[PDB]
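This document starts with one chain, in the form deposited in one PDB entry, laid out as structure tokens.
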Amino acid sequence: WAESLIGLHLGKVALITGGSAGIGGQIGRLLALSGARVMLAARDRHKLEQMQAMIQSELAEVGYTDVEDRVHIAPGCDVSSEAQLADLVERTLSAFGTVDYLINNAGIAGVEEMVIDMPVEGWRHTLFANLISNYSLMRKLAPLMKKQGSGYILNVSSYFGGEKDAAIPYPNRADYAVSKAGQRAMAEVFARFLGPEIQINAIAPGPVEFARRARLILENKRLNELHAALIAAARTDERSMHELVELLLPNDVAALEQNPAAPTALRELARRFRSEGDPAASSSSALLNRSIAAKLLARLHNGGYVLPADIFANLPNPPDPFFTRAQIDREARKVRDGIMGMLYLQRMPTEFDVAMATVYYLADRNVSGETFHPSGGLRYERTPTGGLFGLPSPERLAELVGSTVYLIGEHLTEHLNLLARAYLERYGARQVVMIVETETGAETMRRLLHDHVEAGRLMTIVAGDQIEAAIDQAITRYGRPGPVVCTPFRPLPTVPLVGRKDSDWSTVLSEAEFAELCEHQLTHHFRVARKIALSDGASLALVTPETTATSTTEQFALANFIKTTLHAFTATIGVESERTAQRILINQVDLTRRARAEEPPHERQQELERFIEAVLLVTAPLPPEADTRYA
């Protein structure tokens, strides 16, 4: 079966991260059979050694000699560590000389939580492991590729990283989805710079070849239903969140339902628990357990709600089982049937087959900037990214009277000034809280908005790199937001994206600068979305970098990289929020365009008004339902 492969990649040197198992192991195996010398990098030494021994044995079977020279390993390699990536490249070049194929295959599942349960450092770790590592190894290996005249970079992405002009939501997986989309976007925007010498493509396989995860889903559902009901009740109830949570302390579903003084949101939730609950499960008669309570308390504390850390210290523990085996097995079959039901071909691909298709694809010298699907044929949700638009309804705009608006930004002073004035002057917002990065940014906005500052309608807060603490200041001092608009603090850098063939690339976008780019243009939005969703914001517009007719070709590339990658975040958290009955509406407003000629004197003011209308379209709330006694 290896006859088609032998010789296909003879004389190539390949580095495969995550090479000890899964798709990466099979790509390493089949590249070796096809004649390439391979360096397999992974964290676990023992698994790598077994893989290396298996491959070398198979090479000897089909006639290669000196097989120890053809398959090397790099154990203990954590691709999230920049120092270890340098060590890996040094080890590889010492073994084999120049690398022909960089197979960026390593990937961690990530935090596996909803955004509002996702620690910021956990999100960052996923980005370093799954996305920044890919840029870093390219940055270390592309100079030698370009010098020798040929090279190939393959980022092993995922179907759940989306496609060129559409985003794919991956609820409870926003960090993973963003890193996958970033892998594809890196190929899309770096191809023109890396050509003609170097090809760069992504592969995005679909599903490839349990009770514990199902129980977690049910525990998460209980958490979401409680959190949404408490957030909603605190919105329209005179009682504090502290007083509302005290209603849950008896941990008695029927008693809460029957409490005439409990808010309707909580009473109706208790009725649902009793009706939809399995009578053999204690979740049908108890509101929560200690694990759910602690996670709920963290959500509330992370949303700026004030309540004692020991409020659940005397919570009665429901007896096992909280969910029955029947409930858990039912959810597990639902998960499995959902995944199987995606497959047009009704059969799960193997890792071997996906690797074989990838190894054939690597022979194709005429593709760059593409995302190849070695398996696919999937019925799954899809959100085409952006377009023509208009203004929202007059009744939705009338809902902005008296609102509290947060605006976040620094560099886009003209946008921030106009947006503040539109909310305040056109739609009678009560106040605008302007959250900037630095004192210099604060003074700039205060001068641009001096009239509204002097009248108490424009407040400024300096966030620095502590945006969550700044939002807590806004919550405490000025009240929770309705609309929030989040723009990046920083402009895009202007450094080269590739080096000249005979240069040392010393001025090219560094590994650290790429990480800084992700921090200011992706993580910035995730932190705001996380905090604002937790803090009961009504709507949130995420704004991507601006490009103008004077932007450089590299800035256009990076803007489109950010636009594509952020659309995966926006799509995912949108579906997460909808499916969990959070009310917050999260949307993305793009300021950039792919080509320079598409940029706007008069067209400038027209472009700024279009931005204003797009933001109003996604931040103007719906009017409440009418009083049924009269209308």
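Heads up, when I say rigid core I mean the largest set of C-alphas that superpose within 1.5 Å between the two forms. One rule holds for the numbers: they count along the sequence shown, beginning at 1.
Although not depicted, the form deposited in another entry is the subject of the following passage.
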Inset, instruction - Tell me, with the core superposed, which single residue in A429, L412, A515, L223 has its C-alpha moved by at least 2 Å between the shown form and the other one. - result: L223
Inset, instruction - Please check if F273 moves between the shown form and the other one, taking a CA shift of 2 Å or more relative to the superposed core as movement. - result: yes
Legend entry - C-alpha of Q327 moved at least 2 Å between the shown form and the other one on rigid core: yes
Inset, instruction - Determine whether the C-alpha of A261 shifts by 2 Å or more between the shown form and the other one once the rigid core is superposed. - result: yes
